[PDB]
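Peer 1: Structure incoming, see below.
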Amino acid sequence: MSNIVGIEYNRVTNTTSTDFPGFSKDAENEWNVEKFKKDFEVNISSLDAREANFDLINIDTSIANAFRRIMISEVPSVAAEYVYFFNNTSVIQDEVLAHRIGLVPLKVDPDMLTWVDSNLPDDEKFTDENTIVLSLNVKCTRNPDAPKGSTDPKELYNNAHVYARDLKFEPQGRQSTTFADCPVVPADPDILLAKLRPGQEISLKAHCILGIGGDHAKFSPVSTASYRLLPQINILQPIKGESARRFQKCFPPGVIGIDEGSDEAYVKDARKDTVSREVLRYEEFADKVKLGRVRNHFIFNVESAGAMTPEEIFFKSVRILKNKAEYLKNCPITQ
Amino acid sequence: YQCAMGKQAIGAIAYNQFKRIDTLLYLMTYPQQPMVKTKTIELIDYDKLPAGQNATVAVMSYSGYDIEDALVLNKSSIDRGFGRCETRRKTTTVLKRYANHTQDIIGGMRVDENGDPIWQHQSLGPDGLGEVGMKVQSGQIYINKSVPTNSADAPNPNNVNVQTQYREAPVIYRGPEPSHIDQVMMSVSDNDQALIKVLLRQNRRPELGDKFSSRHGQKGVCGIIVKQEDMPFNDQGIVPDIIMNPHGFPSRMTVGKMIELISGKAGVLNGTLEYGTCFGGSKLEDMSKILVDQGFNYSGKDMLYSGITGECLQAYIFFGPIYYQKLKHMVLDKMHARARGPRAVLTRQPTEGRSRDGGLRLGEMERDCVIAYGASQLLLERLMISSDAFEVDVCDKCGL
Amino acid sequence: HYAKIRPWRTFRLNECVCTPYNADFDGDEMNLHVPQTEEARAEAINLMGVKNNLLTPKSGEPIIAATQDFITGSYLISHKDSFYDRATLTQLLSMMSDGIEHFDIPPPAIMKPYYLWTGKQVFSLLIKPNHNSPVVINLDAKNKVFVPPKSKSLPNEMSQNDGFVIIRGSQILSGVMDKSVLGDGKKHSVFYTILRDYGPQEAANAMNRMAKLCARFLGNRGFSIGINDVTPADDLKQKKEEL
Amino acid sequence: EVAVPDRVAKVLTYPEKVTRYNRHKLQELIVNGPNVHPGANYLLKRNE
Amino acid sequence: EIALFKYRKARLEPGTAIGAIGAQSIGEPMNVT
Amino acid sequence: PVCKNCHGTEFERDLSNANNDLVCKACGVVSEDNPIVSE
Amino acid sequence: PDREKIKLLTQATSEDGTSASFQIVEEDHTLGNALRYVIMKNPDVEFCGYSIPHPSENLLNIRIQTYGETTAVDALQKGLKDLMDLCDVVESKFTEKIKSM
Amino acid sequence: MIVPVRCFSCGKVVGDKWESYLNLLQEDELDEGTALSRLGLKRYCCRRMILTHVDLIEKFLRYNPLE
Amino acid sequence: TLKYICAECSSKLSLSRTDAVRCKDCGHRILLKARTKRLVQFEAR
Amino acid sequence: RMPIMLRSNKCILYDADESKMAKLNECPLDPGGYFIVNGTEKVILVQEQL
Amino acid sequence: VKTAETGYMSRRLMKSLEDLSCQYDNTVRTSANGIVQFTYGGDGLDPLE
Ligand SMILES: [Zn+2]
Ligand SMILES: [Zn+2]
Ligand SMILES: [Zn+2]
Ligand SMILES: [Zn+2]
């Protein structure tokens, strides 16, 4: 019990739940919403765009994994799905160049589109409100200036490097007034996409649609989304004198610092100790330190690919876990 | 065991490799130079055009599909482009000039009902030679060809009846997957007799069956392709690319991969490539000093969570980057299936050869294994009914 | 074999059947034959099925048992210091089946401070899961190592390790599962006893119930190998240098 | 149970004589055709 | 009852090609060789 | 050349599933099975 | 409504709804392990696990088994009504701290 | 060939950093280790994507069929 | 149209059929077919 | 007409400098040492005897 | 040197001994109906079971 995962030099201990009635005779911690609503707290650390950092307290490690798997898979987004080629005489072959276009992020958010229905025949499948079309036409020619030889092939040739910003959004009908205030752009518009030499052109258009992340990893909105737990170091005997500086170079440089008054070690700013278990090797700190990791303090860290704010997907992950367990509260059980 | 397989690992060939027309040329899309180099590979300039790329191996057992040196990789890394090969295959024809002064012709796209292309001619072009840039499927003539019917008759020195004598003999794309036409050229040989050399193209993705290696001699069939969210993750979110089981290192005694992972992880965190040579190389005690400054364990053995259940793993997992070169011998061109096909002429049995439309040999080592069971009705069925049946009517007296 | 149609491009087969074919999954290939009468379709099963050939007719030993990763999965369960509570046993007990077999939970070992089971009460349920299953066996077998007790007073059970294995009425009373009691070679295995007394159907029902567990289990527990547990401890380096 | 891929499952056929026990299945299977999986590749009547 | 059941089942049944099963169990992978 | 039921004159060698049978598109009665290749 | 969803295996159930075994389509571990935590806090359930049978196809089997007090088909309908109320505490508490920031 | 637009193991984008990492080497001669930490690649699964990227696109292009 | 091109001269040749197999502007005897204009339809995965 | 192996001093690839050899669209990193008789490219192997 | 000669030995021994089956009088004998031995072993019981 006491919800502390026990780090030692070859194992970890009691990693499982033990939070259920029928574990001891005094069958406590039954389910109760008001007994849950008091202890659950959230502490938001440094928050900006394209990164979030926030804590979730006193939830069991079963449901903290449920929010990780939904941000990667279930929360939908947009990316390319069909690439139509005009004349391409570049050295990069077609369905490689059509594959690097699919993974490019887009700054348009979902909820602007509907789910495509592929049951229909393939000419009204792409309607006017579930698909935006974007294209590019670019040709490399010779630049007529006078440098000398062997210089940068950014001025011997004009536009000999194509970038992600070359995807000119080509708005179809019925949406020239809807996407007017916020046009779509690649979320990182400096991505190198191909290379050209004079006489070689690239001309295509793509039909980017609404897709689910767990189908293909074009569609995933996060860069990556995982979590940690809070580390915890206990000091049994006072380390004093010469040893406490030897005790200090076996850690990341922030986590423990010397008391400047009396030469004794204590814990500085925590949450920075990655578990290098370096104090286990030295057989003089075999009794002075009993370090661990608490089992109800999840250090989340989500990131975005550029489509939307990082505090939006974590709102949208918990919103669709409820609907995932609401859709089968309301359907009959067939025998 | 590695020298016999280093000559099979796909990769890059030369700088002129999109110019040449060879019989069968394997390519990899995005190769990478290895992390633990050698002095030998920089004296032949191997890393100037390498073969294979270095995954992030987390050696552990997982879901039981990695038992007999099979291995487990994730679906999200393949879609980002982990090991997408490409296969090119020449085929050629020769337009032959005969004794009676008759050539060959490449007429094509016979029509029906307001449309020129048949199903078989959607990618054949106007001039007879199939069109560069669009795909072919099964069927779908891509070099049309006609050969005359007076192929060996004596030249009649006149001009009476020569207006329609060309019977067809096209070239049909077989194969179980649609492939694209890369480039088709036409030229002439040393003696003036024209050549045609079209070169197809398909790329594919590594589904299970596709044989990977380790550069130290540990073969492995890809066993399962699980999703990203079921793979484990460390504190930072690094999902491993490939999981191999722990149960090779006692029997195979490969301490190289256990060192290659330490000398590789410490090179990433320091930004410098490291040397593994013979009878020397980068030492171990000076390589854990880098690996403890950056914050990780002194033996590279990090700790990580699980993606199915959420909580920590009761042990520690040996984690790091290992160079996994991809080999040949994929299953896209080894699946065979013969139901009832061609038969040879002198023996009236199925035809030996996968290219000769197969049928497999129930030998003499496998005939004795059947009779040891005592089974006496499928032995008659597997050796004359489904193979070699024939109805003989024989006379009774003077019986032959 | 029987068949099952699956949508990939390779021949999947079970782990335990690779021991007769001595296959190794390192790129090798095998061929299949399908008979096409009605009297050779019936004769291939009842004479050449894999239920009737768990035994090799050379010596009589069992040849189809746990391969080299099902042993070390079902050893970390039956390690003497492995204790489970109710919610973890239940999850562990529901992977050996697919939510079809009905279990009934035996009373736990450690009882007063908390409720704890052991890693043998969860392994004595994959033999007899409830009262309606008829499997009840008795077996006394010596493990692979078996460090001996004080050799005159204390019997074979009281070894220093867990050692000699005792099962009475399909409950494990001592010993571990270390390829002397599950695997090949030895005539006195677990899977030999259910094969011998209850037909081969009850043997095959209790053999693939280990494989569905040991696939799913130890990928969430953890097991790896590396430098830190192959290097000498610096006393084996000091002692070897002079010896 | 060996597991078999479906690209080889619709090449390897099996002869199956019609009977009153299996007649209502084999009418539903011949109409699937040789492209969806539970279908047939050939047919031989008693007259043919 | 069970010690006379297993002995009664272990008798060699007629028809078993004990020649073919015999030939495959023997053949398998100062001084004398 | 000529079928026994429809008496068509056009046959189509089907190689879609490695059988290489010979059959017409009128009715679908195979004209020759088990081809004999010139080895 | 739909009926290719939660579905009681009649082959593996008791004569009343004390022990029952279900088969849920389209849903992997993300529900199958969340639902295990919120069900086992009922003081009536003794046995609730799940199992994915095969990773080629996509369907989950959830197992539920209790004492004689309430039926198991009434235990999980209470159980997944109680995961619905578990997300309302999380969504509310998280959103009132963002506005604060 | 050219740098992969995303990382293989985690998923973040590396297409706008290949020209940057080189421009941090031509001017301001700098260590390979301290370059792509300033650039924004923290963990050790993205740093292999630019350390070990052989760039064969500059040598394939000199064989162009247009003289 | 945009017919056959040359190897290193890279001059677009529309040769009348059954006449010659060389190119103009250069004596080289290797003629590459140039890419079509027709649309081709790919996926992006 | 004697056949001559590549990178010998009688063939045109002897001491080129990635500009003559780029004109001939041949690889700089190729080993050389093998005939290109009528298509296929073959190599005489170093035999040995007693 | 062993693998190609062991299958040369498992076949030489096979051909001379391939047809010996227990007749219905518990008597293993050859294909020409001549006694090899009157019981298989001293007691005529299955060596595998
Ligand atoms: Zn006669
Ligand atoms: Zn006909
Ligand atoms: Zn990364
Ligand atoms: Zn020219």
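By order of appearance in the structure tokens: chains A, B, ..., then residues from 1 within every chain, and ligands from 1 in the order shown.
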Please give me, as number ranges by chain, the residues lying within 12 Å of ligand 2 when counting only C-alpha atoms and all ligand atoms.
Peer 2: F: 1-12, 22-32
Peer 1: Would you name the residues within 8 Å of ligand 1, counting only C-alpha atoms and all ligand atoms, and put them as a list in words?
Peer 2: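 With only C-alpha atoms and all ligand atoms and a cut-off of 8 Å, ligand 1 is contacted by residues 394, 395, 396, 397, 398, 399 and 400 of chain B.
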Peer 1: Please return as a list in words the residues found within 8 Å of ligand 4, counting only C-alpha atoms and all ligand atoms.
Peer 2: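 Final answer, ordered by chain and number: residues 5, 6, 7, 8, 9, 10, 11, 22, 23, 24, 25, 26, 27 and 28 of chain I.
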Peer 1: At a cut-off of 8 Å and counting only C-alpha atoms and all ligand atoms, what residues surround ligand 3? Please answer as JSON, numbers by chain.
Peer 2: {"B": [238], "H": [7, 8, 9, 10, 11, 12, 43, 44, 45, 46, 47, 49]}
Peer 1: Counting only C-alpha atoms, collect the residues of chain J whose closest atom lies at most 9 Å from chain B, and write them out as a list in words.
Peer 2: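 Residues satisfying the distance criterion: residues 25, 26, 27, 28, 29, 30 and 40 of chain J.
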Peer 1: Enumerate the residues of chain J with a DSSP assignment of helix (DSSP H, G or I), computed from the backbone, and present them as a short mmCIF file (atom, residue, chain, number, x, y, z; two decimals) with N, CA, C and O atoms, in the first residue's frame.
Peer 2:
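Wrote it out as out_16.cif, contents follow:
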data_model
loop_
_atom_site.label_atom_id
_atom_site.label_comp_id
_atom_site.auth_asym_id
_atom_site.auth_seq_id
_atom_site.Cartn_x
_atom_site.Cartn_y
_atom_site.Cartn_z
N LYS J 20 34.66 14.34 -66.19
CA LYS J 20 34.62 13.42 -67.32
C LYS J 20 33.74 12.22 -67.00
O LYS J 20 32.99 11.74 -67.86
N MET J 21 33.81 11.72 -65.77
CA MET J 21 33.06 10.54 -65.38
C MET J 21 31.59 10.84 -65.13
O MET J 21 30.76 9.92 -65.21
N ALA J 22 31.24 12.09 -64.84
CA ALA J 22 29.84 12.48 -64.79
C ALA J 22 29.25 12.60 -66.19
O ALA J 22 28.05 12.37 -66.38
N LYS J 23 30.07 12.95 -67.18
CA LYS J 23 29.59 13.02 -68.56
C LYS J 23 29.24 11.63 -69.07
O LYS J 23 28.30 11.47 -69.86
#
Peer 1: For residue 35 of chain K, list every protein, DNA or RNA residue within 12 Å, evaluated using only C-alpha atoms, and leave out those in the same chain fewer than 5 positions away; present the list as an MDAnalysis selection string.
Peer 2: chainID K and resid 20:23 25:30 40
Peer 1: Only C-alpha atoms, please: the residues just picked out, written as a tab-separated table (two decimals), in the first residue's frame.
Peer 2:
chain	number	residue	atom	x	y	z
K	20	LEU	CA	6.25	-56.14	-41.06
K	21	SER	CA	2.81	-55.93	-39.44
K	22	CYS	CA	1.12	-57.67	-36.52
K	23	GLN	CA	-1.42	-60.15	-37.84
K	25	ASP	CA	-3.09	-63.72	-34.10
K	26	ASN	CA	-0.63	-61.29	-32.46
K	27	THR	CA	2.08	-62.48	-34.86
K	28	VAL	CA	4.34	-60.02	-36.68
K	29	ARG	CA	5.40	-61.50	-40.01
K	30	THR	CA	6.57	-60.54	-43.48
K	40	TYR	CA	6.79	-58.57	-31.02
